[PDB]
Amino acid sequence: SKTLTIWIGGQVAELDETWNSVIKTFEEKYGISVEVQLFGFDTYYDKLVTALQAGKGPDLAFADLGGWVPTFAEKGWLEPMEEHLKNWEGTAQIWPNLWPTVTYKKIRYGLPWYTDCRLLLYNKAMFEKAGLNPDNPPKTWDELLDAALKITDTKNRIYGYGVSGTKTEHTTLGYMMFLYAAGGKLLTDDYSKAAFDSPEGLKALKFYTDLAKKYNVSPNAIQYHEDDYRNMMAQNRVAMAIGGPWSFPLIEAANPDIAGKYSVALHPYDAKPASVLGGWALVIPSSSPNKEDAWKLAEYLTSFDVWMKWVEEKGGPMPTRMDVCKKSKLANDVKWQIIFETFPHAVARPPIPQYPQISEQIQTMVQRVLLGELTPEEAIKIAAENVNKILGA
């Protein structure tokens, strides 16, 4: 009596014409009507939590691979998908580093649908205009700073490197990119304790925020993040940001003339190369009255034919299926060589129910420094203390 309802969230929800085509094909094939709701990234967690707490909303929902599935599963909000995955042809094709991201107490509660890792996204034409070689992007923090300073011309609203400092996950991810590039870690290996209140973590915090505050190579970091910077990049106003394969269809939609005029590279680093893992899974709420049809939709959406067509048309994000990654023409593109080589090393946000609260502490830490309310030393002390209380609660 309830129409099958899917909630699609995050940046990929902008590809609404592609989604409509995909869903219509499903309806034709299965004779099941689908109610679709699309959600922007920045408020999607709060909306999804609101619904799951109430026992209402979707039969199938997007959930971030960055800790949401363990958080929801711990509460009993999600239907287990072990039995379905055991019987599904596709299971052995999902990149294996993705299964821990949707696992709670050795049970899988989500089906990874797209994935990514984070990289330097940069604008070739802007490098060239500044007298830099586009095909030789910065490899180190020192080179990143030099290139960012050389490109920046704030008087003409031109910026070398966009720093995310909003109260959004992008800011945590930005800090993590620099933390791991400095040879630090977010939590201890057993997740019991904060690990970022270290000399490495301080160095990362100071450089990430200095790019915005001292060196002034970013638009206002308190107001803007990765997705804003990608759109500015399409206008040739921001030369470098953190991004990845989801960025590709989106930047090309914003400015079709930018095709071929942007690329990706391993993000510049200090002590160690770093990348962070991301993406979205499909989950079925335990309160759904339509659980079997919801699985049928998940199965269809994560099928070979659907993902082959998606990649053919849109060129991103990265399929969670190995066979599509390997059999599609993605590998012909140099952008994708870099992605496939980096992905297996990408570090994961901790797959624990505490993660969203922890991310909130990292966001606040960065913001308070950017706002001049706290020194990096003061901010990182407080954040780590709060994370340890969260983990001990």
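Numbering starts at 1 and follows the sequence shown.
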Looking only at C-alpha temperature factors in the entry, 380-388 or 15-23, the higher average sits in 15-23
Looking only at C-alpha temperature factors in the entry, 250-258 or 122-130, the higher average sits in 250-258
Top Cα B-factor in this entry, restricted to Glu313, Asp228, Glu200, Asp146, sits on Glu313
Entry record, C-alpha B-factors for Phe62, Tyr30, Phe343, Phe41; the maximum is at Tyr30
Tertile call for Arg321 (CA temperature factor, within chain, third-based) is the lowest
Of the three thirds of Cα B-factor ranks in this chain, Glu299 occupies the highest
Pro289: CA B-factor among chain residues, third -> highest
For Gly9, the third of its chain by CA B-factor is the middle
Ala348: C-alpha B-factor third of its chain, per the entry, is the middle
